[PDB]
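Asker: You'll find run07.cif just under this line, and it carries mmCIF, C-alpha atoms and all ligand atoms.
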data_start
#
loop_
_atom_site.label_atom_id
_atom_site.label_comp_id
_atom_site.auth_asym_id
_atom_site.auth_seq_id
_atom_site.Cartn_x
_atom_site.Cartn_y
_atom_site.Cartn_z
CA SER Z 2 91.62 109.01 103.74
CA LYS Z 3 92.84 109.16 100.17
CA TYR Z 4 95.52 111.54 98.90
CA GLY Z 5 95.92 112.24 95.21
CA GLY Z 6 98.74 113.02 92.87
CA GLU Z 7 100.44 112.15 89.61
CA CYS Z 8 102.94 109.42 88.78
CA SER Z 9 106.32 109.37 87.06
CA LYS Z 10 106.76 106.64 84.46
CA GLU Z 11 110.57 107.00 84.49
CA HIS Z 12 110.88 106.62 88.28
CA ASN Z 13 107.74 104.57 89.01
CA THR Z 14 106.76 107.01 91.79
CA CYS Z 15 103.59 108.76 92.96
CA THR Z 16 103.84 112.36 94.19
CA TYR Z 17 100.78 112.96 96.39
CA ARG Z 18 99.51 115.99 98.40
CA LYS Z 19 98.97 115.57 102.18
CA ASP Z 20 99.09 118.14 105.05
CA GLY Z 21 99.89 120.91 102.57
CA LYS Z 22 103.07 119.10 101.40
CA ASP Z 23 104.07 116.85 98.50
CA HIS Z 24 105.28 113.32 99.30
CA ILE Z 25 107.03 110.98 96.79
CA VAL Z 26 106.38 107.20 97.40
CA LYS Z 27 107.39 104.35 94.97
CA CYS Z 28 104.41 102.87 93.12
CA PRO Z 29 103.92 99.13 93.34
CA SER Z 30 105.85 96.99 90.87
CA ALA Z 31 102.63 95.02 90.21
CA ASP Z 32 101.54 95.01 86.55
CA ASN Z 33 98.14 96.67 87.09
CA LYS Z 34 99.24 99.19 89.76
CA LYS Z 35 102.65 100.51 88.49
CA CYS Z 36 103.00 103.84 86.66
CA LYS Z 37 102.47 102.80 83.02
CA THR Z 38 101.40 106.21 81.68
CA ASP Z 39 103.44 109.28 82.58
CA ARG Z 40 101.50 111.76 84.78
CA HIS Z 41 98.65 109.31 85.38
CA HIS Z 42 96.58 110.00 88.48
CA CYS Z 43 97.77 108.10 91.52
CA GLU Z 44 96.51 107.74 95.09
CA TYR Z 45 97.89 106.97 98.54
CA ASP Z 46 95.13 105.38 100.59
CA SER Z 47 96.04 106.01 104.26
CA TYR Z 48 93.25 103.73 105.58
CA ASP Z 49 94.38 100.69 103.56
CA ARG Z 50 98.08 101.75 103.63
CA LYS Z 51 98.45 101.24 99.86
CA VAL Z 52 99.51 103.10 96.69
CA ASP Z 53 98.04 102.69 93.18
CA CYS Z 54 99.41 104.44 90.08
CA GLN Z 55 96.60 103.10 87.84
CA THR Z 56 93.63 104.64 89.66
CA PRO Z 57 90.24 104.00 87.99
CA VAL Z 58 88.36 106.65 86.05
CL CL H 101 106.29 120.38 100.06
CL CL H 102 109.13 93.21 91.92
CL CL H 103 97.06 91.59 83.08
#
Starting from the file, lay out its structure as structure tokens.
Ligand SMILES: [Cl-]
Ligand SMILES: [Cl-]
Ligand SMILES: [Cl-]
Answerer:
Amino acid sequence: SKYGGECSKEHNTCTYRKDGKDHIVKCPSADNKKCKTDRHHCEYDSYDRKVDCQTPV
């Protein structure tokens, strides 16, 4: 369902692993989902069709 990776603060992207490959998707521009901290964990949720670059911990 959920595919994990790390985000780029400079580019506001999430690079996630799926099917043995890395995929780079823009993070949201929303304040509490964008990449605020370089290399923060991020997730692509394939069920909900959404990205978050401020995943909880
Ligand atoms: Cl790859
Ligand atoms: Cl915007
Ligand atoms: Cl806020």
Asker: Would you list the residues that come within 9 Å of ligand CL 102 (chain H)? Count only C-alpha atoms and all ligand atoms and give the answer as a VMD selection string.
Answerer: chain Z and resid 29 to 31
Asker: Emit the selected residues as a compact mmCIF listing (two decimals), in the coordinates of the input, including C-alpha atoms.
Answerer:
# COMPACT_ATOMS: atom_id res chain seq x y z
CA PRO Z 29 103.92 99.13 93.34
CA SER Z 30 105.85 96.99 90.87
CA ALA Z 31 102.63 95.02 90.21
Asker: Nearest residue to ligand CL 103 (chain H) out of Z:18, Z:51, Z:33, Z:27, using all atoms listed in the file?
Answerer: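 Looking only at the distances to ligand CL 103 (chain H), the closest residue turns out to be Z:33.
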Asker: Tell me, as a list in words, which residues lie within 8 Å of residue 47 of chain Z, counting only C-alpha atoms; anything in the same chain fewer than 6 positions away does not count.
Answerer: residues 2, 3 and 4 of chain Z
Asker: Find, counting all atoms listed in the file, the residue in Z:24, Z:19, Z:34, Z:12 that gets nearest to residue 54 of chain Z.
Answerer: Z:34
Asker: Residues within 9 Å of segment 38-46 of chain Z, please, as a PyMOL selection string. Count only C-alpha atoms; anything in the same chain fewer than 4 positions from it doesn't count.
Answerer: chain Z and resi 2-11+15-17+26+28+50-57
Asker: For each of Z:21, Z:58, Z:37, Z:32, take the minimum atom-to-atom distance to ligand CL 103 (chain H), counting all atoms listed in the file, then give the residue where this is smallest.
Answerer: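 Result for the nearest residue to ligand CL 103 (chain H): Z:32.
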Asker: Generate the coordinates of N, CA and C atoms for segment 7-19 of chain Z; report them as an mmCIF file, in the frame of the given file.
Answerer:
data_model
loop_
_atom_site.group_PDB
_atom_site.id
_atom_site.type_symbol
_atom_site.label_atom_id
_atom_site.label_comp_id
_atom_site.auth_asym_id
_atom_site.auth_seq_id
_atom_site.Cartn_x
_atom_site.Cartn_y
_atom_site.Cartn_z
ATOM 1 N N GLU Z 7 100.123 112.603 90.948
ATOM 2 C CA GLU Z 7 100.440 112.150 89.610
ATOM 3 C C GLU Z 7 101.692 111.312 89.685
ATOM 4 N N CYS Z 8 101.808 110.347 88.786
ATOM 5 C CA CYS Z 8 102.940 109.420 88.780
ATOM 6 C C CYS Z 8 103.973 109.732 87.712
ATOM 7 N N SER Z 9 105.208 109.307 87.998
ATOM 8 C CA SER Z 9 106.320 109.370 87.060
ATOM 9 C C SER Z 9 106.556 107.996 86.458
ATOM 10 N N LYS Z 10 106.473 107.903 85.131
ATOM 11 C CA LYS Z 10 106.760 106.640 84.460
ATOM 12 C C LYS Z 10 108.251 106.276 84.590
ATOM 13 N N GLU Z 11 109.128 107.262 84.415
ATOM 14 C CA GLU Z 11 110.570 107.000 84.490
ATOM 15 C C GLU Z 11 110.992 106.423 85.846
ATOM 16 N N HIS Z 12 110.463 107.005 86.926
ATOM 17 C CA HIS Z 12 110.880 106.620 88.280
ATOM 18 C C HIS Z 12 109.953 105.619 88.964
ATOM 19 N N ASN Z 13 108.780 105.369 88.381
ATOM 20 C CA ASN Z 13 107.740 104.570 89.010
ATOM 21 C C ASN Z 13 107.390 105.046 90.413
ATOM 22 N N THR Z 14 107.132 106.342 90.513
ATOM 23 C CA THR Z 14 106.760 107.010 91.790
ATOM 24 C C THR Z 14 105.412 107.721 91.647
ATOM 25 N N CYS Z 15 104.780 107.943 92.807
ATOM 26 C CA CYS Z 15 103.590 108.760 92.960
ATOM 27 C C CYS Z 15 103.937 109.943 93.850
ATOM 28 N N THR Z 16 103.664 111.169 93.373
ATOM 29 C CA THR Z 16 103.840 112.360 94.190
ATOM 30 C C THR Z 16 102.458 112.804 94.620
ATOM 31 N N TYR Z 17 102.108 112.679 95.896
ATOM 32 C CA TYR Z 17 100.780 112.960 96.390
ATOM 33 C C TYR Z 17 100.793 114.145 97.376
ATOM 34 N N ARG Z 18 99.649 114.839 97.490
ATOM 35 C CA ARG Z 18 99.510 115.990 98.400
ATOM 36 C C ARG Z 18 98.847 115.554 99.707
ATOM 37 N N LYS Z 19 99.504 115.856 100.837
ATOM 38 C CA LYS Z 19 98.970 115.570 102.180
ATOM 39 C C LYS Z 19 99.511 116.601 103.172
#
